[PDB]
Structures are given as structure tokens and as C-alpha cells.
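Hydrogens, waters and symmetry mates play no part in the numbers below; they use all other heavy atoms, side chains included. Numbers restart at 1 for each chain; the letters A, B, ... are given by sequence-line order, proteins then strands.
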Amino acid sequence: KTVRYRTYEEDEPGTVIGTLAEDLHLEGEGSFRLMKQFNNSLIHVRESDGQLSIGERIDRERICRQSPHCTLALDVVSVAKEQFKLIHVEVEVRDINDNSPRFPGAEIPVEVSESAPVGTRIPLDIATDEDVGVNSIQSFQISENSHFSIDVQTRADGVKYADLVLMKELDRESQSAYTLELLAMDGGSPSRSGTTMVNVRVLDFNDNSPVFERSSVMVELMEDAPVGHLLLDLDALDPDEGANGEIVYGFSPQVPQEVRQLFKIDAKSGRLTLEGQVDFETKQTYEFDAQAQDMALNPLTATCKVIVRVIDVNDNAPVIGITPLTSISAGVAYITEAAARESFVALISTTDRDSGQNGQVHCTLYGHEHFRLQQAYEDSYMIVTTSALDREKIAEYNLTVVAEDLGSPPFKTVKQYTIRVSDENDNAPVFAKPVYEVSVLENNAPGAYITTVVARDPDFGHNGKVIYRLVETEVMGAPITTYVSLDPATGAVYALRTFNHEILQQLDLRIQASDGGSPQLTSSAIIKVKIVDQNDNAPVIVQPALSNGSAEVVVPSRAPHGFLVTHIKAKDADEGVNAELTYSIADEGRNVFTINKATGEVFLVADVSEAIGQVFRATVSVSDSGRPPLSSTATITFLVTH
Amino acid sequence: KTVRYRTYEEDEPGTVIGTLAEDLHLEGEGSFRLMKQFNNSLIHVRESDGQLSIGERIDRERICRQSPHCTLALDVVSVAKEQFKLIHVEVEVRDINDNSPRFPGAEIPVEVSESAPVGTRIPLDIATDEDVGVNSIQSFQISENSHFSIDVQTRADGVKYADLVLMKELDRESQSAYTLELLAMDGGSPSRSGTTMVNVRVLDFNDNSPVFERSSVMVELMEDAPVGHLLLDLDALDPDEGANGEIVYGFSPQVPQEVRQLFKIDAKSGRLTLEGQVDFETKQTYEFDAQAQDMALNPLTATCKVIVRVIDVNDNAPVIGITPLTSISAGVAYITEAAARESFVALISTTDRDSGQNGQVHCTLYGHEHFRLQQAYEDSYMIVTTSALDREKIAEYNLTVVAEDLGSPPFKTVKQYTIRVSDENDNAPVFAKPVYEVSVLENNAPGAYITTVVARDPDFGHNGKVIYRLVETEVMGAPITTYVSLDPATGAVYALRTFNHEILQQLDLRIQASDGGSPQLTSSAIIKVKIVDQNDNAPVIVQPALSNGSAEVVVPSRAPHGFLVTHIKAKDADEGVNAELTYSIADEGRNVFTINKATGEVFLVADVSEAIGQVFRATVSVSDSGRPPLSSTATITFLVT
Ligand SMILES: *[C@@H]1O[C@H](CO[C@@H]2O[C@@H](C)[C@@H](O)[C@@H](O)[C@@H]2O)[C@@H](O[C@@H]2O[C@H](CO)[C@@H](O[C@@H]3O[C@H](CO)[C@@H](O)[C@H](O)[C@@H]3O)[C@H](O)[C@H]2NC(C)=O)[C@H](O)[C@H]1NC(C)=O
Ligand SMILES: *[C@@H]1O[C@H](CO[C@@H]2O[C@@H](C)[C@@H](O)[C@@H](O)[C@@H]2O)[C@@H](O[C@@H]2O[C@H](CO)[C@@H](O[C@@H]3O[C@H](CO)[C@@H](O)[C@H](O)[C@@H]3O)[C@H](O)[C@H]2NC(C)=O)[C@H](O)[C@H]1NC(C)=O
Ligand SMILES: *[C@H]1O[C@H](CO)[C@@H](O)[C@H](O)[C@@H]1O
Ligand SMILES: *[C@H]1O[C@H](CO)[C@@H](O)[C@H](O)[C@@H]1O
Ligand SMILES: *[C@H]1O[C@H](CO)[C@@H](O)[C@H](O)[C@@H]1O
Ligand SMILES: *[C@H]1O[C@H](CO)[C@@H](O)[C@H](O)[C@@H]1O
Ligand SMILES: [Ca+2]
Ligand SMILES: [Ca+2]
Ligand SMILES: [Ca+2]
Ligand SMILES: [Ca+2]
Ligand SMILES: [Ca+2]
Ligand SMILES: [Ca+2]
Ligand SMILES: [Ca+2]
Ligand SMILES: [Ca+2]
Ligand SMILES: [Ca+2]
Ligand SMILES: [Ca+2]
Ligand SMILES: [Ca+2]
Ligand SMILES: [Ca+2]
Ligand SMILES: [Ca+2]
Ligand SMILES: [Ca+2]
Ligand SMILES: [Ca+2]
Ligand SMILES: [Ca+2]
Ligand SMILES: [Ca+2]
Ligand SMILES: [Ca+2]
Ligand SMILES: [Ca+2]
Ligand SMILES: [Ca+2]
Ligand SMILES: [Ca+2]
Ligand SMILES: [Ca+2]
Ligand SMILES: [Ca+2]
Ligand SMILES: [Ca+2]
Ligand SMILES: [Ca+2]
Ligand SMILES: [Ca+2]
Ligand SMILES: [Ca+2]
Ligand SMILES: [Ca+2]
Ligand SMILES: [Ca+2]
Ligand SMILES: [Ca+2]
Ligand SMILES: [Cl-]
Ligand SMILES: [Cl-]
Ligand code: NA
Ligand code: NA
């Protein structure tokens, strides 16, 4: 039969569970023993009457571990009136709360990503309480915090594990670790707690792109900055951890290739440097996005707008260009001597590629005062005449143009230029004097030389070649061209005929000088050729009438001394000295007749000597004054009559 | 001086810009000419009046490209009254919209991660309009969508570039591509359009862990399921692309080594198989988290709660254990023959480790009807006595216990057991006969043997060895211990004295037989020794009185034959035959007297011849029957007066 008692674990040995003999009204005898003791039993039985007392130590957690019931079963045998009996006894061992919740370790380290969704579960080491029932772990508490809570769950074989659950989204940059106190406690007003620490390690996600310390940057860069010049040390920052926050600098992928060759970005430090050479006169502003990138699985990027303003340097000098209105030779401007005052000759351009004062030009002209500088428009100055030009006075000019910029120091450019004045037919031939006077002795040879005329045209080339022409004029009906000829190149006048003074005294040539111009220019002069007389006409006796060189006149013997017989008149063709007639009645032996040398009047020296019938011959000559003189003779006879 | 006109690009050649002679009130002359004719000039001037017309085509976009202003400069020279003059002229060339916005290429390919925050800018190929001012690129057109909204920004050098900007979070699993044709038109009333293709390709991020078609699953596993048995084909899914969505199955990191050695998960297919062996009697429920993992750089994981409930099979047979109250040998129970009805002898345990009917046991006992089975508690049956036991009748019993479980089919276990009955001193010695009788011849030697007695004790060991003792009783005053002795071991009786029948006829010995037990048991018997006579008593003659064998008697002579003279009496000490008196009348010569052998009376044969004075001599003897017979002698004389 089954008799049942109840004990309480870890009681002092020798406590009264019960007594069989008395509990079951057992009158008779008893030799109460346990039937077998393979291990040293925990309960002792009084042989006298079957009293069951706590023998050794009774630890429920050692004999039943986590089993909800713990019954110690023993078989006692007795003897009553020579009958051996058996009684089966079951002693329920009640549980005492002599064990407290325990955790494996004082700290539980756990890891979770900041990118995990709310509700993600994180395992925790289970607590254990070696008691059973209410004396086992009933409740769990977590320390007050914002993010984490616990939930307890039981497995199908009854093992009661715990989970840490995430309530709010994490951010490792705000908070990267958590320290939470975890505790478990059992039932019954005598309550026992056990504790541990949860160390939550928040693992980083790359949820932050880099960002530059400054969103945009401008830097100034001299256009003569040397290679390696440091423009700027770019800086960025990333809050993420380790590689996710480690930055590498460079260009935005859209930056053209010119910039990538001109400028360089150190990928580690962000230094931005010049590797090429810039030129303000070509491009004065660069605009590009630099970028920063973190070294993460899914990299994040940020950009910074960089502006480089290039600054101008005086690296250009003035350029002088000269373009003439009219010219043939290089670097020579031509202009007609006919150009009026303030005529444009050539245009000067003075330019400077730079900007500001460095590109501003002052132009100055050096040369004869006949030319002036006149500004036409920006950096464009005209050369203009200030006075009338005269090729015959000045045929060319050498000029000098200087152009300086306003840099400090300034660049100076110098250039030379030549002006040549074009000929117009501005001057006509000019005879030394308008009227020339020359003389020619009568009875010349034919083809004799009289004179030469000269006219002058100072114009050059064909416009200044003189041509001489005999103007056609009449001379005693006939034309001038028959008496005289003129070499049209030299202007030499040659006589074609032999001239006779007795006929023609003066010959008036009219010569024209012409240039080889278009229109032709002419001028006239006159040569007054003088023919002067000579002694080629001997005088002739007119009265008395001549008969083969002889004559006769009679004389009355009735007449006085110094008689008026006859009057010898004579004529000469020449002029002046050569027409000075002097008379002589001479060589007669006896002095018979006497002559008046003035008016050729012949008188008698002797008295009336004979009566009648006398013949007397003498000679009477007429001469002129010129050298050599010529003369003619008349032989006249006189007779005495009554 | 600078005189200013204005024209419009690509106008009809020969069109009138203006007239210098008339515009500048130029009275006088003019032989208007250009100074520069080294390249083929695009403007020609009429000599008469200085009016210049468009010679060739004038294309602003080719002489000034993208330059805001386009002024052609020309230097003309005239001659007025022999004076050469110069006039500088600036002809503004105005732009018309004979050029349309355009994009460098027919397609713009673009890639963006679905994980990019709002506001991320994607650069786009810049548009170009070769006109200037309002005729330049003024407007950018965007396609209506929820995620991409673009923004136009202007640079230091005035070009209007456009950025593709994202305002709302993308999801490549929701939407993975976009195709947007990008075009722009310029300002001013006649607008010209130009276009390209934008192909937005969304790149995948590993933003979705795998998840199982079922969060938990339970499977039943027979405890005799063979190695390789298929428990379950795990299935999991991942929306992500390529390797980010390709799964490998295995155990959660917390799974003990017992489970990892016992069960196996194929990483590729997720098949869960038994490689070891389970035993319901050892562990009947397994619980573990299987997990699936995507093959991504930093993979994402999911778990599935797997329950394996083990099923019981009848793989254990009942075990029989027997524990006796009292025992010496292995597998042998002892019990005293003194036990009463229904005394506990031994406890049988019949158990089966299985569960259900497979573990439920029926116990049956086979053997002598003196023992039966009585259940004490669960799987615990008592062997009990049913009747009184007697070691002397049955000392040992061979029993058999049978224990079957209730499986289908059932397991049966048999066991043998032996019970031995312990001896108690329940029996006392008992003699063959209660009263023994033997005889002894008189006059025996001293120290002679009479008989031997034997008693019987069936009890065992000391409880059955008999010792005999002579009970102290008196015989004619003295104690019996003096006539006889008893050997306590053999039971032999030796005669101590020599016995005389005349005195002692019957000797009543009282023997006790006792066993060697505690308490000691005794029983008594009696030996009646009878003493029988012998002939060691010679008889003597009493009447008449004797004198060394002689006597004398007188008688008167007056009588005939047969007279009463004298009467010869004798006595014998023995009994029976040896006390048989025989009378003899011995020789006297003459036939004088004759004797009656019955009553010892002697008479006379001859008459009275003599009166007085005669002496007569004879002998008369008495004898007994025994062998040898004994006799004494007496001589009697008779005389007359
Ligand atoms: C204007 O300038 C011309 C150009 O000549 C010069 O060339 C350079 C070397 C520099 O000196 C410049 O400053 C200058 O422009 C002058 O022409 C030169 O004239 C001289 C003298 O008349 C010539 O030399 C002569 O040669 C002949 C024959 O060999 C000799 O008989 C003379 O005795 C004399 O040495 C020279 O050839 C000529 N140069 C050229 C290139 O033609 C010119 O004098 C000047 N005009 C004025 C008005 O100043
Ligand atoms: C109770 O059991 C004992 C011993 O246990 C027995 O051992 C074997 C026989 C097993 O097969 C078991 O089945 C069995 O329980 C029995 O004792 C045996 O008795 C036999 C009786 O014939 C003996 O054999 C005889 O022995 C004599 C003298 O030695 C010979 O002259 C005969 O020719 C014959 O062989 C045997 O020796 C004996 N053995 C032992 C170990 O004791 C016993 O019989 C049994 N009791 C009952 C009532 O069945
Ligand atoms: C166990 O102990 C804790 C303190 O460690 C208590 O707060 C709890 O209520 C239980 O008694
Ligand atoms: C659990 O354990 C902690 C530290 O071990 C204690 O501070 C707490 O009161 C509880 O007993
Ligand atoms: C080209 O087309 C666009 C619209 O498609 C207009 O903005 C433009 O004016 C031109 O017609
Ligand atoms: C610009 O060009 C596209 C083709 O690339 C046209 O489809 C569009 O209408 C616009 O004219
Ligand atoms: Ca305890
Ligand atoms: Ca406890
Ligand atoms: Ca507890
Ligand atoms: Ca963060
Ligand atoms: Ca982060
Ligand atoms: Ca980052
Ligand atoms: Ca430069
Ligand atoms: Ca410069
Ligand atoms: Ca300069
Ligand atoms: Ca002149
Ligand atoms: Ca001239
Ligand atoms: Ca001239
Ligand atoms: Ca002459
Ligand atoms: Ca003359
Ligand atoms: Ca003369
Ligand atoms: Ca155009
Ligand atoms: Ca245009
Ligand atoms: Ca346009
Ligand atoms: Ca997605
Ligand atoms: Ca995805
Ligand atoms: Ca995935
Ligand atoms: Ca099993
Ligand atoms: Ca089983
Ligand atoms: Ca079974
Ligand atoms: Ca008995
Ligand atoms: Ca006995
Ligand atoms: Ca006995
Ligand atoms: Ca005797
Ligand atoms: Ca006798
Ligand atoms: Ca006798
Ligand atoms: Cl003459
Ligand atoms: Cl005797
Ligand atoms: Na830096
Ligand atoms: Na599968």
C-alpha cells in the first residue's frame, strides 16, 4: 500500500515526517526496516515503530534538478504476528527558495548595426534559477532607456530564453554604445534577484556622405604662377567610422580635361596645385566642382565649387601696325604732292594684349613737322599732313612711331616708317629769261650756229623732260622754218640760209618749251636775232650819169675861179660807217681841179686859161669808212666852150 | 570719327545698311574705298556716295560664335577737294534665332543607387544654343515624376547648366529603371527645340534580408528514422538582385553542437536531414533556429524556428528485477517456514522504458500454488505466500516471472527465481516405538548390552541431531542410573549390575530424546526390560525339619497299605518350570515305601512284620524342571512303636 508524507528540503536531520505504526493504526509488532540501501539512504526509520526521520542532508536541486515533483520512494517491511508485511511510502520533497537567479557572466557583449529596423531581436545569455515553480525565474527587467526592451520567450522543450528587442531607430553618430542593467527575479515574497550588464555595440553604417568645410571657394592665381604653385588645401569631413569616414579628394567626373591637365588634386590631402600654365589673355576664369568621396562599400560623395580667378600680368608689349592709304613698297606710304592740308596718309594701330594700365597704350610720332598724329578711334591714330607738300622741295620722310603701355615698368615698342611723295606735274618749263638777244654778222655760212635756249622743268621723269619747238611765224611772206632750225632736245638754233642785212635786219624766233606731261605744260620765249651790217656794198656814183666808168661835162671859158661845174653824188647800200661817203679828185699831174670832200663839189684851180677846145682827164673816187673800205672811180672830162 | 550702323545676320546680299555721304551731310566729293582687301571682304562700298551693302553672307555665329556683341569694323577713305579723309564705321551684326538648342549626344546613360539620400545631384550633359541673349538656351523641360526634380544653376561665365536632382527615396525592387527624353528650347517668340535621351539605371543595394515562407515549422520524426531521412525542405526568399538576393541556408550561431552533429542543412537547397540517430527515451523534443543568409558583401540573415518532436517506437522490452526480503545467494529468496499466510517474500519490478501502451507491463507469476502475485504499487508486484509452508515437506520452489508490454506486437521478458524455505525447530524427536520391550536372561555379566534405541528429528542441522538421556527414576530405593547406562549418541543401553529374577522381574527405563535446538524439544519413551528366570536356585526340603540331610519320624504299626505317615514338602525359589516340584523315593533296598509324586505323601508297601525296634535308611529327593535341573538330598528314617 502507498502511504504519503511530506518533507521540506534541507531540513535538519532528525525531523518528524511521521510514524507508520501510529499513522495507520498498526497494533501488533514491528521490526521496521528498509528493504535495501544501495546508496546510503536519506531517511531513517525507527525499527521500534516505523518513525521516519530526516537522515542525511536532503537537497532537492541535487536529487531532482529542475523536475516539478520530487518524491522519495521507500519500501519498509514489518512483521506483525509472524506475517511479513510491506508498506510503500512516498515522501514529497517540497522546494525551498535557496537558489537565486544567475547569469553566466557579469557582462553580455552584443552587437547591432545602426541600420537595423525596429523590432530586430538580439540574443542574450539566459538566466537560471535552480529552484522550480514560483521559486523559478518569473520576471525580467531592463534598465530604463530609449531604445531597447526585453521580451522573454519559451522553447518547445520548456527552456526559457530572453531577447533584447530594438524599439527605436539607432544612430551611431549620436550614440555608439549602450550600457543596460538586466535583472531576473523569482516568485514568492522572499524574492531573489540576479543581475548582469548588457553592453550594446552599435556597428556603423555608411549613412553620412562627406561634406566640405566650405561649400564654395574662390582663389586668385597670378597668370605667371609657377608649376607646383599651391592654390588651396581642400578639407572635408565625414562623421562615419573608419573607412566609411576616410576621404579621398579629386575632380567631379564632369570636369573637362583641360582642368584636369592644368590643375591637380592630391587624393589624400586635397591639395589643389597648378601643373600647367595659365594665360589671362586666353582664359581668366576657371569654374569647376572638386569632389570628396569616402572609402566605403557604397561610396558617398560631396562637391565643392572652386573658382579660380586669373590675375593679369604685364606680359605683352605694344604691337605697332601701319597700313597706308597708298603704297607699293613694304613699310613705305606714298602720297601725292597735291594732297591738301590734313590729308590722311596712313593709319597706325597701337595695341596691347593685356588689360588695365598694362594694356593701355600711348603713341608718339617723331619726324618732320609736315606730319601729325590724329587719333581716329581706340588705339588707332592717323598720320595727317599739317602743311602743303611739295615733292620738288622734299621727296621723302623717315618717321618713327613709339608706343608705350602704362605698366610699372612699362613696355616700349618702336617702329620706323617712310613716306614718299608722289609727283604731280605742278611745274611748267621755264626759260631763263623771256627774251633772248643775240647778234649774227651778215653774210654768214649756211648751217651756222646762233644761240641755244634752255628751259627747266623740276618735275621728275616724263613730267619734266623738256621739248623745244619753233613756233611757225611768217617772215616776209615765207615761213620761219626755212631760215632757222632748232634741235628740239638741246634747243640749239642753226641758221639754214645766209642772211643779208640790206634785206632783213632782225629775225624774231618764237620758241615753245613743253614737258612730257598729261596735260602737257608749255611756255613761250622769243629769240631776237640781230643781223648787223658789214662792208660788202661799195658805193656807186649816181650823178653824173656814168658811161662804162667815164663821164663828160662842158665848161664855158667865160666863168670865174672856183666854178660850179658838176656835183658828184653817190649812194651806198650799207648803214653807218659803211655809208660814210668821202670824195677825192686827184692824180692829174698839174693841179687843175679841186674837190669838196663833203658834198663832192668840183671847182677849178687854174684861171680861164684856154679859149675853147681843150680835153682834160683826171680821176675822182668815192670811198666809205668801214674796214676794209671799198671805193669806186669816175673819170670825167671837161671842155671849154663859148 | 566712328559712324554706327546696324544690320541683321544673313540678310539678303546687297541690302542697304546706310549711306555715308548722305548720313553725314557730306557735301563735296567722294571716292569712297576700303583700305583693307587682303581677305575676301564681306561688305562692299559704292564709290559714288559711300553706301555699302552686304557682299557675301554674314553669319554671326561664325565670326563671333558665342560672343555677346558682334560689331564689324571697316575703315573707308574718301577724297573731297584733293583732301584724303578717313571714316571708321562700326556695323553691329544682330543675331536671329537660326540655331536651335542641342545636346552633345543622342543618349545620356546614368546610374544611381537606390540607397542615395534625397538631394543627390546627378550631372547632365550641358545644352548648347549657338545664338546669344534671349535667343540662347533659356528653358529646360522636365518630365513629370515623383522622385526626380531637376534644378537649373548658372555659372560665372553665364552658361545655364541643369542638374538632375532626386527628392524622394528610391526603391529598385519597386522600380528599377526610368527613360526620360531630355529637351530644351530657347527664348524669344520663335523657339527651336533640341533633344537627347536620359536613361536612369537604378543600382541595387542590399536593403532586404531574406525571409522564410513560414516563420516556424514543426516536423515529426520517428525515433527509428534512418540516417539521411528528410525532415524538411527549407525555403526562403530575398527580393534583392543577383548575389544580394541569393540565399544559403544553415544553422543559427546559437545552435549547440549536439544539434549540428545530429541534423544537417544543405546550404544550397536548405534540405534538413537526420545524420545521427535520435532516441525518444533520451530526448523527445528538439528546438533550434535554422537561418538563411544572402550572399552579399555584408549579408543579411533570417531565422526560422524548427521544432522536431520525436515519436516513440516500441524499441525497449520489459525489464524484470527481483529484490528479496531475505537472501544469501544471487537470485534466491529465503523465508522461514514460520511465516504466516500472505507474508511478503520478494518484490518484483516490471518496467518498460517506452511510453504509452508500448511501456505498459503485464506481469504474471508461474509456480507452486503456495505463492501468488499481489501488486504493491506501479510496476511493483509482491510475491506473497498463500498457505502455510513446511520446510520438511517442500524446501525449495522454482518460480518464473513473465512480463509483457502492450505494444503491437508486444515484447515478452521471462525470468526465473528460486525461493528457499528456512528451517525452524518445528518438530521433536520421535522413537520408532513408544514402548520398547526386550528380555534379559537372569545372572548376566556386568556391563552387558541390552538394546539400542533410535529417534527421528526431521528438522535440519543442530535442530535435528538427537541426544538421549536416561530419566532419573527409583527402583527398589536406589536410582535407575545404577543398574543401566545409556550412551547419549548411539542410544545403546548397557547393563551395569547383574540382575536376579527372584528379586527383580521388570525394569522400566524412561529415556528422553532431545534435539539440538533452541528452544530444545524433547519426547520420552519407556523400555520395559523383562528379566526371565534361570535355574540358579536349588530347592530345599522344608517339612520335615532337616539335620544335615536327615530326619526321623515314628508311626504306629496298626494299619494296611497307604497310611499317612509323613508329608515331604519342599520349596523352590524360581518360577514356572523351575519351580516344579518332583518327588522321588530313592533306593532303600527292599521296596519298603512308595511316594505320591503329586502331593508329596509317602506310604508303605510292605505289611507290619516287625513290632518295634527297627532302623531303616533311605533317601528322598525333590527336583525341578529346568535344564540342568537341580536337587538336594534328605534321608528319612521311619520307626514303629
Ligand atoms: C630715309 O631712310 C633711307 C633708308 O636708309 C636707312 O636704312 C637703315 C640702314 C637706317 O639707316 C635707317 O635709319 C634708314 O632709313 C635713307 O636711304 C639711304 O640714304 C643713304 C644716303 O643717301 C644711302 O647711302 C648712300 O649710298 C651711295 C651708294 O652706295 C653712296 O654713294 C652715298 O655716299 C651714301 O653712302 C643709302 O643707300 C640709302 N639706303 C637705302 C636702304 O636706300 C635715306 O637717306 C633717308 N632719307 C632722308 C630724307 O632722311
Ligand atoms: C528446481 O531447480 C533445481 C535446479 O535448477 C534446475 O537446473 C536445471 C535443471 C535447469 O534446466 C532448470 O530448469 C532447473 O530449475 C532442480 O535441481 C535438479 O534436479 C534434477 C532432478 O532430476 C537433478 O538431476 C538428477 O540428479 C541425480 C543426482 O545427481 C541423478 O542421479 C539423476 O540422474 C538426475 O540427473 C539435478 O542434478 C538438479 N540440479 C541442480 C542444479 O539442483 C530441481 O529439480 C528443481 N525442482 C523442482 C521441484 O522442479
Ligand atoms: C531581487 O533583488 C533586486 C535588487 O537586486 C530587487 O530590486 C528585486 O525586487 C528582487 O527583490
Ligand atoms: C544583481 O547583481 C548586481 C551586480 O552583481 C547587483 O548590483 C544587484 O543589486 C542584483 O543583486
Ligand atoms: C520645340 O518643342 C518644345 C516642346 O516640345 C517647345 O518648347 C519649342 O518651342 C519647340 O517648339
Ligand atoms: C528633340 O528631338 C527628339 C529626338 O531626339 C524629338 O523626339 C523631340 O520631339 C524634340 O524635337
Ligand atoms: Ca536546496
Ligand atoms: Ca530550492
Ligand atoms: Ca529561486
Ligand atoms: Ca548614422
Ligand atoms: Ca554611420
Ligand atoms: Ca561616409
Ligand atoms: Ca599672358
Ligand atoms: Ca597679361
Ligand atoms: Ca602691356
Ligand atoms: Ca610742287
Ligand atoms: Ca612739268
Ligand atoms: Ca612735280
Ligand atoms: Ca650784203
Ligand atoms: Ca652790208
Ligand atoms: Ca658800203
Ligand atoms: Ca546664323
Ligand atoms: Ca543666330
Ligand atoms: Ca537659339
Ligand atoms: Ca530596395
Ligand atoms: Ca535592393
Ligand atoms: Ca538581400
Ligand atoms: Ca529509443
Ligand atoms: Ca521507445
Ligand atoms: Ca516496450
Ligand atoms: Ca514445518
Ligand atoms: Ca527438532
Ligand atoms: Ca523444521
Ligand atoms: Ca539368581
Ligand atoms: Ca533363577
Ligand atoms: Ca529351581
Ligand atoms: Cl647785197
Ligand atoms: Cl538367589
Ligand atoms: Na586637406
Ligand atoms: Na528549399
Side-chain angles (χ1 to χ4, degrees), chain A residues 101 103-105 107-128 137-172 175-184 194-205 207, chain B residues 206-218 234-240 247-256 259-260 265 270 286-294 296 298-308:
Chain A
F103 287 93
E107 297 179 342
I108 298 174
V110 296
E111 301 179 345
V112 60
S113 174
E114 81 180 300
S115 57
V118 307
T120 59
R121 291 184 180 272
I122 299 173
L124 297 175
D125 293 336
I126 64 170
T128 61
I137 293 172
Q138 293 301 327
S139 75
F140 288 102
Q141 189 172 352
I142 193 69
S143 51
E144 185 175 340
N145 62 341
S146 53
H147 292 275
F148 297 101
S149 74
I150 62 176
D151 133 277
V152 67
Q153 292 170 328
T154 307
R155 298 251 195 203
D157 44 353
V159 317
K160 174 138 149 131
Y161 68 88
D163 275 340
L164 183 66
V165 186
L166 180 66
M167 303 295 114
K168 183 186 174 185
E169 184 182 2
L170 293 178
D171 182 9
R172 194 205 64 91
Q175 186 168 351
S176 61
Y178 293 81
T179 300
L180 308 173
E181 185 175 52
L182 184 57
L183 63 70
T195 316
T196 185
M197 290 294 168
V198 179
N199 296 331
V200 181
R201 214 214 113 151
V202 180
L203 302 179
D204 185 69
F205 184 62
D207 50 342
Chain B
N206 188 45
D207 55 336
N208 293 112
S209 45
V211 56
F212 292 93
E213 296 177 5
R214 293 191 298 274
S215 68
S216 178
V217 62
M218 190 236 64
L234 296 179
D235 288 336
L237 56 86
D238 197 288
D240 296 308
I247 292 174
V248 303
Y249 306 86
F251 291 104
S252 178
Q254 299 79 13
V255 175
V259 177
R260 292 179 177 180
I265 297 171
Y286 292 92
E287 177 167 345
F288 54 87
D289 284 338
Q291 91 172 14
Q293 211 176 25
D294 64 12
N298 293 326
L300 310 180
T301 69
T303 65
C304 170
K305 188 181 186 185
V306 176
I307 299 302
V308 181

Report all side-chain donor-acceptor pairs from residues 196-205 of chain A shorter than 3.5 Å, counting only partners two or more places apart or in another chain.
residue  : atom : partner  : partner atom : Å
A:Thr196 : OG1  : A:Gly105 : O            : 2.9
A:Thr196 : OG1  : A:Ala106 : O            : 3.4
A:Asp204 : OD1  : A:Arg172 : NE           : 2.9
A:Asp204 : OD2  : A:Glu241 : N            : 3.4
A:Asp204 : OD2  : A:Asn244 : ND2          : 3.1

Taking all heavy atoms of [X] and all of [Y], pick out the closest pair and write down the distance.
X: B:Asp294; Y: B:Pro210; result: N-CG, 3.9 Å
X: A:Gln175; Y: A:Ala177; result: NE2-O, 3.0 Å
X: A:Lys160; Y: A:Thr154; result: CD-OG1, 3.9 Å
X: B:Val255; Y: B:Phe288; result: CG2-CB, 4.1 Å

task = Would you check if the side chain of B:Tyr249 reaches a backbone N or O of B:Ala236 as a donor-acceptor pair within less than 3.5 Å?
result =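 Checking the backbone N and O of B:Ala236 against the side chain of B:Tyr249, a donor-acceptor pair under 3.5 Å is found.
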key: Main-chain N/O of B:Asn208 paired with B:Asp240 side-chain donor or acceptor, under 3.5 Å   =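 Confirmed, B:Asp240 side chain pairs with B:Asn208 backbone.
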When you look at [atom1] of [X], are more than 12 heavy atoms from neighbouring residues, nucleotides or ligands closer to it than 6.0 Å?
X: A:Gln153; atom1: CD; result: yes
X: B:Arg214; atom1: CZ; result: no
X: A:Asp157; atom1: CG; result: yes

message = Is the shortest side-chain heavy-atom distance between B:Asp289 and A:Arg155 below 4.5 Å?
response =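 Counting from C-beta outward, B:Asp289 and A:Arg155 do come under 4.5 Å.
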query = Can you check whether A:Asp207 reaches A:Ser115 side chain to side chain, under 4.5 Å on heavy atoms?
reply =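 With C-beta onward as the side chain, the pair stays apart.
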task = Using the side-chain contact (heavy atoms from CB on, under 4.5 Å) rule, take A:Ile126 and A:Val159 through it: C-alpha gap first, then chi angles, then the decisive distance, then the call.
result = CA-CA 9 Å; A:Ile126 64 170; A:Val159 317; 5.8 Å; no
Side-chain donor-acceptor pairs under 3.5 Å in residues 140-147 of chain A, sequence neighbours left out?
residue  : atom : partner  : partner atom : Å
A:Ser143 : OG   : A:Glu181 : N            : 2.8
A:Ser143 : OG   : A:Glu181 : O            : 3.4
A:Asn145 : ND2  : A:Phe148 : O            : 3.4
A:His147 : ND1  : A:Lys168 : O            : 3.4
A:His147 : NE2  : A:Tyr178 : OH           : 2.9

key: A:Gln138: side-chain hydrogen bond (donor to acceptor under 3.5 Å, both in side chains) partners, not counting sequence neighbours   =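 A:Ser136.
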task = Kindly determine whether B:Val259 and B:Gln254 satisfy side-chain contact (heavy atoms from CB on, under 4.5 Å), including the steps that lead there.
result = CA-CA 10 Å; B:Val259 177; B:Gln254 299 79 13; over 6 Å; no
